[PDB]
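One file, query-v4.pdb, is given below (PDB, C-alpha atoms and all ligand atoms).
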ATOM      1  CA  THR A 174     -99.674 108.577 -21.801
ATOM      2  CA  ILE A 175     -99.326 104.889 -22.525
ATOM      3  CA  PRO A 176    -101.277 104.059 -25.690
ATOM      4  CA  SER A 177    -104.717 102.579 -25.142
ATOM      5  CA  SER A 178    -103.927  99.628 -27.423
ATOM      6  CA  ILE A 179    -101.760  98.463 -24.532
ATOM      7  CA  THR A 180    -103.583  99.666 -21.429
ATOM      8  CA  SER A 181    -107.039  98.522 -22.591
ATOM      9  CA  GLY A 182    -106.017  95.239 -24.212
ATOM     10  CA  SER A 183    -107.475  96.188 -27.598
ATOM     11  CA  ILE A 184    -104.293  94.923 -29.277
ATOM     12  CA  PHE A 185    -102.059  93.482 -26.524
ATOM     13  CA  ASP A 186    -102.606  90.605 -24.089
ATOM     14  CA  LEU A 187    -100.749  90.680 -20.767
ATOM     15  CA  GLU A 188     -98.377  87.919 -19.628
ATOM     16  CA  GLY A 189     -97.856  88.255 -15.894
ATOM     17  CA  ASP A 190    -100.887  89.739 -14.226
ATOM     18  CA  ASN A 191     -99.262  90.911 -11.056
ATOM     19  CA  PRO A 192     -98.126  93.361 -10.623
ATOM     20  CA  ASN A 193     -99.683  95.184 -13.563
ATOM     21  CA  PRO A 194     -97.068  96.987 -15.696
ATOM     22  CA  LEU A 195     -99.032 100.268 -15.678
ATOM     23  CA  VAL A 196     -97.748 101.980 -12.517
ATOM     24  CA  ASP A 197     -99.118 105.346 -13.601
ATOM     25  CA  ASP A 198    -100.841 106.546 -16.773
ATOM     26  CA  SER A 199     -97.512 107.228 -18.466
ATOM     27  CA  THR A 200     -95.209 104.415 -17.251
ATOM     28  CA  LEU A 201     -94.809 100.673 -17.812
ATOM     29  CA  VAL A 202     -92.670  98.670 -15.385
ATOM     30  CA  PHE A 203     -91.800  95.071 -16.231
ATOM     31  CA  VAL A 204     -90.555  93.012 -13.294
ATOM     32  CA  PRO A 205     -90.331  89.285 -14.145
ATOM     33  CA  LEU A 206     -88.794  88.433 -10.742
ATOM     34  CA  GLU A 207     -92.170  89.482  -9.307
ATOM     35  CA  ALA A 208     -94.578  88.551 -12.118
ATOM     36  CA  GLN A 209     -92.759  85.248 -12.605
ATOM     37  CA  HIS A 210     -94.798  84.332 -15.664
ATOM     38  CA  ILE A 211     -94.009  81.064 -17.428
ATOM     39  CA  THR A 212     -95.055  79.040 -20.479
ATOM     40  CA  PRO A 213     -94.563  75.385 -21.471
ATOM     41  CA  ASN A 214     -91.482  76.141 -23.609
ATOM     42  CA  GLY A 215     -90.099  79.237 -21.881
ATOM     43  CA  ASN A 216     -86.629  79.442 -20.475
ATOM     44  CA  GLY A 217     -87.048  81.922 -17.683
ATOM     45  CA  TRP A 218     -89.562  84.309 -16.178
ATOM     46  CA  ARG A 219     -91.392  86.998 -18.122
ATOM     47  CA  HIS A 220     -93.463  90.135 -17.717
ATOM     48  CA  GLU A 221     -94.586  90.983 -21.216
ATOM     49  CA  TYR A 222     -97.274  92.179 -23.620
ATOM     50  CA  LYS A 223     -98.077  90.301 -26.838
ATOM     51  CA  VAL A 224    -100.211  91.079 -29.880
ATOM     52  CA  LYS A 225    -103.341  89.029 -29.428
ATOM     53  CA  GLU A 226    -103.948  85.889 -31.379
ATOM     54  CA  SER A 227    -106.922  87.162 -33.388
ATOM     55  CA  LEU A 228    -104.987  90.037 -34.949
ATOM     56  CA  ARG A 229    -101.962  88.003 -36.046
ATOM     57  CA  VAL A 230    -101.034  87.905 -39.720
ATOM     58  CA  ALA A 231     -97.862  87.395 -41.753
ATOM     59  CA  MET A 232     -94.809  89.573 -41.150
ATOM     60  CA  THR A 233     -95.186  90.662 -44.779
ATOM     61  CA  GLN A 234     -98.774  91.772 -44.171
ATOM     62  CA  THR A 235     -98.250  94.549 -41.633
ATOM     63  CA  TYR A 236     -96.583  97.827 -41.099
ATOM     64  CA  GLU A 237     -95.731  98.166 -37.388
ATOM     65  CA  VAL A 238     -93.787 100.696 -35.442
ATOM     66  CA  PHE A 239     -92.908 100.344 -31.766
ATOM     67  CA  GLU A 240     -90.975 103.058 -29.971
ATOM     68  CA  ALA A 241     -90.129 103.438 -26.302
ATOM     69  CA  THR A 242     -87.760 105.193 -23.936
ATOM     70  CA  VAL A 243     -86.268 102.269 -22.032
ATOM     71  CA  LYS A 244     -84.572 102.326 -18.638
ATOM     72  CA  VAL A 245     -82.971  99.098 -17.442
ATOM     73  CA  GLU A 246     -81.972  98.273 -13.874
ATOM     74  CA  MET A 247     -80.569  94.765 -13.506
ATOM     75  CA  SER A 248     -78.054  92.722 -11.508
ATOM     76  CA  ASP A 249     -74.649  91.952 -13.006
ATOM     77  CA  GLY A 250     -74.835  89.008 -15.407
ATOM     78  CA  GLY A 251     -78.514  89.479 -16.191
ATOM     79  CA  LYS A 252     -79.869  88.827 -19.699
ATOM     80  CA  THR A 253     -83.332  89.707 -20.977
ATOM     81  CA  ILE A 254     -85.303  90.017 -24.202
ATOM     82  CA  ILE A 255     -87.191  93.337 -24.208
ATOM     83  CA  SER A 256     -88.899  93.102 -27.596
ATOM     84  CA  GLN A 257     -89.450  90.394 -30.187
ATOM     85  CA  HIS A 258     -91.377  89.214 -33.192
ATOM     86  CA  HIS A 259     -92.460  85.675 -32.374
ATOM     87  CA  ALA A 260     -93.316  82.974 -34.927
ATOM     88  CA  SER A 261     -96.389  80.759 -34.936
ATOM     89  CA  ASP A 262     -94.260  77.846 -33.904
ATOM     90  CA  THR A 263     -91.761  78.315 -31.212
ATOM     91  CA  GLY A 264     -89.579  80.255 -33.586
ATOM     92  CA  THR A 265     -88.631  83.846 -33.347
ATOM     93  CA  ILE A 266     -88.078  86.378 -36.055
ATOM     94  CA  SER A 267     -86.640  89.367 -34.244
ATOM     95  CA  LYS A 268     -85.239  89.686 -30.726
ATOM     96  CA  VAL A 269     -83.761  92.681 -28.921
ATOM     97  CA  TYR A 270     -81.553  91.882 -25.930
ATOM     98  CA  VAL A 271     -80.074  93.571 -22.918
ATOM     99  CA  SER A 272     -77.340  91.166 -21.917
ATOM    100  CA  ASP A 273     -74.333  90.881 -19.594
ATOM    101  CA  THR A 274     -72.725  87.693 -20.932
ATOM    102  CA  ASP A 275     -69.504  86.440 -22.503
ATOM    103  CA  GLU A 276     -71.169  85.861 -25.869
ATOM    104  CA  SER A 277     -68.719  87.223 -28.421
ATOM    105  CA  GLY A 278     -69.461  89.722 -31.184
ATOM    106  CA  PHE A 279     -70.695  92.773 -29.261
ATOM    107  CA  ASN A 280     -69.189  96.030 -27.947
ATOM    108  CA  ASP A 281     -68.534  94.662 -24.449
ATOM    109  CA  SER A 282     -69.108  90.889 -24.574
ATOM    110  CA  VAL A 283     -67.639  90.538 -21.090
ATOM    111  CA  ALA A 284     -69.669  88.345 -18.739
ATOM    112  CA  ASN A 285     -70.943  89.664 -15.436
ATOM    113  CA  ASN A 286     -69.254  93.102 -15.381
ATOM    114  CA  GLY A 287     -72.362  95.279 -15.152
ATOM    115  CA  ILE A 288     -71.981  96.566 -18.702
ATOM    116  CA  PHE A 289     -74.946  95.270 -20.662
ATOM    117  CA  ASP A 290     -74.701  94.764 -24.404
ATOM    118  CA  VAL A 291     -77.796  95.872 -26.265
ATOM    119  CA  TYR A 292     -78.117  93.997 -29.522
ATOM    120  CA  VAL A 293     -80.545  92.529 -31.970
ATOM    121  CA  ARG A 294     -80.906  89.174 -33.666
ATOM    122  CA  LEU A 295     -82.912  89.064 -36.888
ATOM    123  CA  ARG A 296     -83.802  85.807 -38.624
ATOM    124  CA  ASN A 297     -83.119  86.220 -42.350
ATOM    125  CA  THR A 298     -85.005  84.740 -45.319
ATOM    126  CA  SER A 299     -82.664  81.733 -45.285
ATOM    127  CA  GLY A 300     -83.703  80.956 -41.701
ATOM    128  CA  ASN A 301     -80.427  82.081 -40.159
ATOM    129  CA  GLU A 302     -80.080  84.674 -37.416
ATOM    130  CA  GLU A 303     -77.995  87.760 -38.046
ATOM    131  CA  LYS A 304     -76.854  89.600 -34.931
ATOM    132  CA  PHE A 305     -75.846  93.230 -34.546
ATOM    133  CA  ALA A 306     -74.545  95.291 -31.639
ATOM    134  CA  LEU A 307     -76.475  98.510 -30.969
ATOM    135  CA  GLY A 308     -74.868  99.814 -27.793
ATOM    136  CA  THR A 309     -73.942  99.258 -24.159
ATOM    137  CA  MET A 310     -75.379 100.536 -20.881
ATOM    138  CA  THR A 311     -74.981 100.257 -17.142
ATOM    139  CA  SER A 312     -77.817  99.529 -14.728
ATOM    140  CA  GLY A 313     -79.969 102.621 -14.251
ATOM    141  CA  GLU A 314     -79.248 104.096 -17.672
ATOM    142  CA  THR A 315     -81.855 104.816 -20.350
ATOM    143  CA  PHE A 316     -81.920 104.505 -24.144
ATOM    144  CA  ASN A 317     -84.362 104.925 -27.013
ATOM    145  CA  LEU A 318     -85.727 101.871 -28.798
ATOM    146  CA  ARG A 319     -87.437 101.899 -32.191
ATOM    147  CA  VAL A 320     -88.558  98.703 -33.901
ATOM    148  CA  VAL A 321     -90.132  98.840 -37.343
ATOM    149  CA  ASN A 322     -91.637  95.998 -39.318
ATOM    150  CA  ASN A 323     -92.154  97.341 -42.833
ATOM    151  CA  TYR A 324     -94.044  94.405 -44.386
ATOM    152  CA  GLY A 325     -91.266  91.928 -43.614
ATOM    153  CA  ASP A 326     -88.302  94.304 -43.587
ATOM    154  CA  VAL A 327     -87.437  94.635 -39.923
ATOM    155  CA  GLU A 328     -85.322  97.471 -38.555
ATOM    156  CA  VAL A 329     -84.160  98.174 -34.995
ATOM    157  CA  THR A 330     -82.652 101.455 -33.821
ATOM    158  CA  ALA A 331     -81.063 102.212 -30.451
ATOM    159  CA  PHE A 332     -78.232 104.494 -29.277
ATOM    160  CA  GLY A 333     -78.433 106.143 -32.709
ATOM    161  CA  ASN A 334     -77.414 102.870 -34.373
ATOM    162  CA  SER A 335     -79.681 101.089 -36.845
ATOM    163  CA  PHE A 336     -79.740  97.633 -38.376
ATOM    164  CA  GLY A 337     -82.418  95.951 -40.482
ATOM    165  CA  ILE A 338     -82.991  93.173 -43.033
ATOM    166  CA  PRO A 339     -85.821  91.298 -44.725
ATOM    167  CA  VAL A 340     -86.818  88.502 -42.340
ATOM    168  CA  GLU A 341     -88.140  84.964 -42.763
ATOM    169  CA  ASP A 342     -91.902  85.318 -43.063
ATOM    170  CA  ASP A 343     -94.325  83.596 -40.695
ATOM    171  CA  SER A 344     -98.068  83.546 -41.361
ATOM    172  CA  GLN A 345     -99.169  84.106 -37.746
ATOM    173  CA  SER A 346     -96.450  86.382 -36.416
ATOM    174  CA  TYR A 347     -96.705  88.560 -33.344
ATOM    175  CA  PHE A 348     -94.829  91.351 -31.641
ATOM    176  CA  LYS A 349     -94.070  91.260 -27.910
ATOM    177  CA  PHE A 350     -92.303  93.637 -25.561
ATOM    178  CA  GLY A 351     -91.432  93.922 -21.875
ATOM    179  CA  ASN A 352     -88.891  91.978 -19.875
ATOM    180  CA  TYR A 353     -88.352  88.290 -20.587
ATOM    181  CA  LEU A 354     -85.542  87.296 -18.198
ATOM    182  CA  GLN A 355     -83.397  84.460 -19.567
ATOM    183  CA  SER A 356     -82.291  81.635 -17.264
ATOM    184  CA  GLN A 357     -78.705  81.334 -18.498
ATOM    185  CA  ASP A 358     -75.199  81.366 -17.025
ATOM    186  CA  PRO A 359     -73.487  84.521 -18.348
ATOM    187  CA  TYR A 360     -70.031  82.869 -18.375
ATOM    188  CA  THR A 361     -70.823  79.533 -20.019
ATOM    189  CA  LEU A 362     -74.085  80.368 -21.759
ATOM    190  CA  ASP A 363     -75.540  77.167 -20.437
ATOM    191  CA  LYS A 364     -79.212  77.274 -19.826
ATOM    192  CA  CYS A 365     -80.485  76.863 -16.305
ATOM    193  CA  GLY A 366     -83.737  75.288 -15.132
ATOM    194  CA  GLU A 367     -86.514  73.040 -16.409
ATOM    195  CA  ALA A 368     -89.214  74.036 -18.910
ATOM    196  CA  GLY A 369     -92.595  74.566 -17.265
ATOM    197  CA  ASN A 370     -91.058  74.443 -13.794
ATOM    198  CA  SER A 371     -91.343  77.871 -12.190
ATOM    199  CA  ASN A 372     -89.497  76.798  -9.047
ATOM    200  CA  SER A 373     -86.542  75.709 -11.196
ATOM    201  CA  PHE A 374     -86.233  79.269 -12.529
ATOM    202  CA  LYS A 375     -86.627  80.627  -9.077
ATOM    203  CA  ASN A 376     -83.570  78.689  -8.013
ATOM    204  CA  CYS A 377     -81.674  79.553 -11.178
ATOM    205  CA  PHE A 378     -82.109  83.306 -10.712
ATOM    206  CA  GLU A 379     -81.097  83.014  -7.070
ATOM    207  CA  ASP A 380     -77.910  81.134  -7.969
ATOM    208  CA  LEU A 381     -77.221  83.478 -10.898
ATOM    209  CA  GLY A 382     -77.394  86.389  -8.483
ATOM    210  CA  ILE A 383     -80.233  88.052 -10.398
ATOM    211  CA  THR A 384     -82.104  89.933  -7.661
ATOM    212  CA  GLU A 385     -82.957  92.998  -9.737
ATOM    213  CA  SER A 386     -84.473  93.137 -13.221
ATOM    214  CA  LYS A 387     -86.708  96.103 -13.914
ATOM    215  CA  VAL A 388     -87.425  97.404 -17.409
ATOM    216  CA  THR A 389     -89.208 100.774 -17.340
ATOM    217  CA  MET A 390     -90.781 102.049 -20.545
ATOM    218  CA  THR A 391     -91.980 105.602 -21.133
ATOM    219  CA  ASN A 392     -92.867 107.707 -24.187
ATOM    220  CA  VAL A 393     -94.315 104.569 -25.708
ATOM    221  CA  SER A 394     -95.988 104.360 -29.103
ATOM    222  CA  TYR A 395     -97.297 101.507 -31.184
ATOM    223  CA  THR A 396     -98.884 101.545 -34.591
ATOM    224  CA  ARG A 397    -100.160  98.696 -36.623
ATOM    225  CA  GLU A 398    -101.570  98.653 -40.151
ATOM    226  CA  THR A 399    -102.503  95.525 -41.992
ATOM    227  CA  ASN A 400    -102.648  94.755 -45.731
TER     228      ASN A 400
HETATM  229 CA    CA B 501     -70.830  92.839 -19.878
END
Mind turning the file's structure into structure tokens?
Amino acid sequence: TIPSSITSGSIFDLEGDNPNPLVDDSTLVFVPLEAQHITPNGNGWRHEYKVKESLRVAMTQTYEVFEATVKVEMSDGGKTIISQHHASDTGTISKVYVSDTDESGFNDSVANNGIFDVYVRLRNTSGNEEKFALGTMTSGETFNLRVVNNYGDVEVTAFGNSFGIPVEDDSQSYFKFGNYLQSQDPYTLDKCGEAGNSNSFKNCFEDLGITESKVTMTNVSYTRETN
């Protein structure tokens, strides 16, 4: 069953109220094309859970483990962030992607061919992102995701591949997970749409041919200890 920290809101706040991700006691379904949740600075639509403001502390002050069995069904060319450590500012600290773009450096890296790269970017102590390819998948396939924050040393494992480094600390950091669909051309990597304008993203996803984007998470666990 889905942990109560999620289902009850004791730890996580929901972004995108409808539909609710809990489709049965053991399954989370994140569908940003339906939830269509936005923020002032966002660059797409999201359906996502986030650690609530009151519990946030420095990356170096918690031990967190998130694990999930993740199935992804998404139109060719789609790109989403399915888990991330977010900074206090607009920064990010860790991001895990499922992505069908021409961005170089991954196992596929071929735009719009239905083969999604699964990779991670981790922001190091110098403030620079390091990226690492974990695997590839086609729509409908499933993989295992494990994200660990060991007091500032962040590790991601998927498809049996692991990568981790110490990350730039942020005093009010927070973990999020779900399906944050990115409004971006997969060929050119140009962003599409206008911040805060939900209709703009509507039109972007139509033009990008993104008519399916469903992240299903099962066998989910989350632990959090603070120091
Ligand atoms: Ca591809």
(message) Given the PyMOL selection byres (((chain A and resi 244) around 7) and not hetatm) and the file above, list the residues it selects as a ChimeraX atom specification.
(response) /A:242-243,245-246,313-316,388-390
(request) Grab me every residue within 10 Å of ligand CA 501 (chain B), counting all atoms listed in the file, and send it over as an NGL selection string. (result) :A and (249-252 or 271-276 or 279-291 or 309-311 or 359)
Find the nearest atom pair between each residue of segment 352-376 of chain A and segment 219-222 of chain A for residues within 10 Å, count all atoms listed in the file, give distances in Å to one decimal, sort rows by chain and ascending number, and present the table as JSON lines.
{"residue": "A:352", "atom": "CA", "partner": "A:220", "partner_atom": "CA", "distance": 5.4}
{"residue": "A:353", "atom": "CA", "partner": "A:219", "partner_atom": "CA", "distance": 4.1}
{"residue": "A:354", "atom": "CA", "partner": "A:219", "partner_atom": "CA", "distance": 5.9}
{"residue": "A:355", "atom": "CA", "partner": "A:219", "partner_atom": "CA", "distance": 8.5}
(message) So the first atom is atom CA of residue 240 of chain A and the second is atom CA of residue 318 of chain A; what is the distance between them in Å, to one decimal place?
(response) 5.5 Å
(request) Could you list the residues chosen by the PyMOL selection byres (((chain A and resi 369) around 10) and not hetatm) in this structure as a ChimeraX atom specification? (result) /A:211-217,366-368,370-374
Write a file of the selected residues as a PDB file, in the coordinates of the input, keeping C-alpha atoms.
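Just written: selection21.pdb:
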ATOM      1  CA  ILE A 211     -94.009  81.064 -17.428  1.00  0.00           C
ATOM      2  CA  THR A 212     -95.055  79.040 -20.479  1.00  0.00           C
ATOM      3  CA  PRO A 213     -94.563  75.385 -21.471  1.00  0.00           C
ATOM      4  CA  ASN A 214     -91.482  76.141 -23.609  1.00  0.00           C
ATOM      5  CA  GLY A 215     -90.099  79.237 -21.881  1.00  0.00           C
ATOM      6  CA  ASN A 216     -86.629  79.442 -20.475  1.00  0.00           C
ATOM      7  CA  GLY A 217     -87.048  81.922 -17.683  1.00  0.00           C
ATOM      8  CA  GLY A 366     -83.737  75.288 -15.132  1.00  0.00           C
ATOM      9  CA  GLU A 367     -86.514  73.040 -16.409  1.00  0.00           C
ATOM     10  CA  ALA A 368     -89.214  74.036 -18.910  1.00  0.00           C
ATOM     11  CA  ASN A 370     -91.058  74.443 -13.794  1.00  0.00           C
ATOM     12  CA  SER A 371     -91.343  77.871 -12.190  1.00  0.00           C
ATOM     13  CA  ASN A 372     -89.497  76.798  -9.047  1.00  0.00           C
ATOM     14  CA  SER A 373     -86.542  75.709 -11.196  1.00  0.00           C
ATOM     15  CA  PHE A 374     -86.233  79.269 -12.529  1.00  0.00           C
TER      16      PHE A 374
END
(message) For a quick check of understanding, using all atoms listed in the file, which of A:237, A:226, A:328, A:207 has the smallest distance to residue 268 of chain A?
(response) A:328
(request) Enter the distance from atom CA of residue 178 of chain A to atom CA of residue 203 of chain A, in Å, rounded to one decimal. (result) 17.1 Å
(request) Find the residues near residue 262 of chain A: any atom within 9 Å, counting all atoms listed in the file, skip ones fewer than 2 places away on the same chain, and give them as an NGL selection string. (result) :A and (259-260 or 264-265 or 343 or 345)
Report, as JSON, the axis-aligned box around all atoms of segment 229-239 of chain A present in the file, extended by 3 Å on each side; give centre and edge lengths in Å to one decimal place.
{"center_x": -97.4, "center_y": 94.0, "center_z": -38.3, "size_x": 15.1, "size_y": 19.3, "size_z": 19.0}
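With atom CA of residue 228 of chain A on one side and atom CA of residue 326 of chain A on the other, the separation reads 19.3 Å.
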(request) Have a look at A:232, A:209, A:323, A:312 and name the one nearest to residue 348 of chain A; count only C-alpha atoms. (result) A:232
(request) Carefully work through the PyMOL selection byres (((chain A and resi 175) around 9) and not hetatm) for this structure and note down the residues it includes, as number ranges by chain. (result) A: 174, 176-180, 195, 197-201, 391-394
The selected residues should be written to file as an mmCIF file, keeping the file's coordinate frame (atoms: C-alpha atoms).
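Writing the result to out.cif gives the following:
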data_model
loop_
_atom_site.group_PDB
_atom_site.id
_atom_site.type_symbol
_atom_site.label_atom_id
_atom_site.label_comp_id
_atom_site.auth_asym_id
_atom_site.auth_seq_id
_atom_site.Cartn_x
_atom_site.Cartn_y
_atom_site.Cartn_z
ATOM 1 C CA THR A 174 -99.674 108.577 -21.801
ATOM 2 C CA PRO A 176 -101.277 104.059 -25.690
ATOM 3 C CA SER A 177 -104.717 102.579 -25.142
ATOM 4 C CA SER A 178 -103.927 99.628 -27.423
ATOM 5 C CA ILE A 179 -101.760 98.463 -24.532
ATOM 6 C CA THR A 180 -103.583 99.666 -21.429
ATOM 7 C CA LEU A 195 -99.032 100.268 -15.678
ATOM 8 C CA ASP A 197 -99.118 105.346 -13.601
ATOM 9 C CA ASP A 198 -100.841 106.546 -16.773
ATOM 10 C CA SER A 199 -97.512 107.228 -18.466
ATOM 11 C CA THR A 200 -95.209 104.415 -17.251
ATOM 12 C CA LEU A 201 -94.809 100.673 -17.812
ATOM 13 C CA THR A 391 -91.980 105.602 -21.133
ATOM 14 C CA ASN A 392 -92.867 107.707 -24.187
ATOM 15 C CA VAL A 393 -94.315 104.569 -25.708
ATOM 16 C CA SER A 394 -95.988 104.360 -29.103
#
(message) Let me make sure I understand: among A:255, A:320, A:331, A:269, which one has the smallest atom-to-atom distance to residue 303 of chain A if we use only C-alpha atoms?
(response) A:269
(message) Taking all atoms listed in the file into account, name the residue in A:192, A:278, A:325, A:205 that is nearest to residue 296 of chain A.
(response)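 Under the stated criterion, the closest residue is A:325.
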For segment 265-281 of chain A, which lacks atoms in the input, supply N, CA, C and O atoms and format the output as a tab-separated table (two decimals), in the frame of the given file.
chain	number	residue	atom	x	y	z
A	265	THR	N	-88.62	82.40	-33.42
A	265	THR	CA	-88.63	83.85	-33.35
A	265	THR	C	-88.10	84.44	-34.64
A	265	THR	O	-87.50	83.77	-35.42
A	266	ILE	N	-88.32	85.72	-34.79
A	266	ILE	CA	-88.08	86.38	-36.06
A	266	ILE	C	-87.20	87.60	-35.80
A	266	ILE	O	-86.28	87.91	-36.57
A	267	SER	N	-87.49	88.28	-34.70
A	267	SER	CA	-86.64	89.37	-34.24
A	267	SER	C	-86.57	89.33	-32.72
A	267	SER	O	-87.55	89.02	-32.07
A	268	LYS	N	-85.40	89.63	-32.17
A	268	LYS	CA	-85.24	89.69	-30.73
A	268	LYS	C	-84.27	90.79	-30.36
A	268	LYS	O	-83.19	90.90	-30.95
A	269	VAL	N	-84.65	91.63	-29.41
A	269	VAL	CA	-83.76	92.68	-28.92
A	269	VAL	C	-83.37	92.32	-27.50
A	269	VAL	O	-84.25	92.04	-26.67
A	270	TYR	N	-82.07	92.34	-27.22
A	270	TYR	CA	-81.55	91.88	-25.93
A	270	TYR	C	-80.87	92.98	-25.15
A	270	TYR	O	-80.26	93.89	-25.71
A	271	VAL	N	-80.93	92.84	-23.83
A	271	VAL	CA	-80.07	93.57	-22.92
A	271	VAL	C	-79.36	92.49	-22.08
A	271	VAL	O	-80.00	91.74	-21.36
A	272	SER	N	-78.04	92.41	-22.22
A	272	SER	CA	-77.34	91.17	-21.92
A	272	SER	C	-75.94	91.39	-21.35
A	272	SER	O	-75.15	92.14	-21.92
A	273	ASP	N	-75.63	90.71	-20.25
A	273	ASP	CA	-74.33	90.88	-19.59
A	273	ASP	C	-73.57	89.56	-19.61
A	273	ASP	O	-73.18	89.06	-18.56
A	274	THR	N	-73.36	89.01	-20.79
A	274	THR	CA	-72.72	87.69	-20.93
A	274	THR	C	-71.39	87.75	-21.66
A	274	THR	O	-70.95	88.80	-22.12
A	275	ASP	N	-70.78	86.58	-21.80
A	275	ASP	CA	-69.50	86.44	-22.50
A	275	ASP	C	-69.71	86.08	-23.97
A	275	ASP	O	-68.75	85.72	-24.66
A	276	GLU	N	-70.94	86.17	-24.46
A	276	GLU	CA	-71.17	85.86	-25.87
A	276	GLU	C	-70.38	86.85	-26.70
A	276	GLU	O	-70.48	88.06	-26.49
A	277	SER	N	-69.57	86.35	-27.62
A	277	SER	CA	-68.72	87.22	-28.42
A	277	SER	C	-69.49	87.94	-29.53
A	277	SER	O	-70.58	87.52	-29.91
A	278	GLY	N	-68.92	89.02	-30.04
A	278	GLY	CA	-69.46	89.72	-31.18
A	278	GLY	C	-70.11	91.06	-30.90
A	278	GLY	O	-70.63	91.70	-31.82
A	279	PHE	N	-70.06	91.51	-29.65
A	279	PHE	CA	-70.69	92.77	-29.26
A	279	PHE	C	-69.66	93.76	-28.73
A	279	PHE	O	-68.47	93.44	-28.65
A	280	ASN	N	-70.10	94.97	-28.39
A	280	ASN	CA	-69.19	96.03	-27.95
A	280	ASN	C	-68.45	95.71	-26.65
A	280	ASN	O	-67.28	96.08	-26.50
A	281	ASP	N	-69.14	95.05	-25.71
A	281	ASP	CA	-68.53	94.66	-24.45
A	281	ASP	C	-68.21	93.17	-24.48
A	281	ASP	O	-67.04	92.78	-24.53
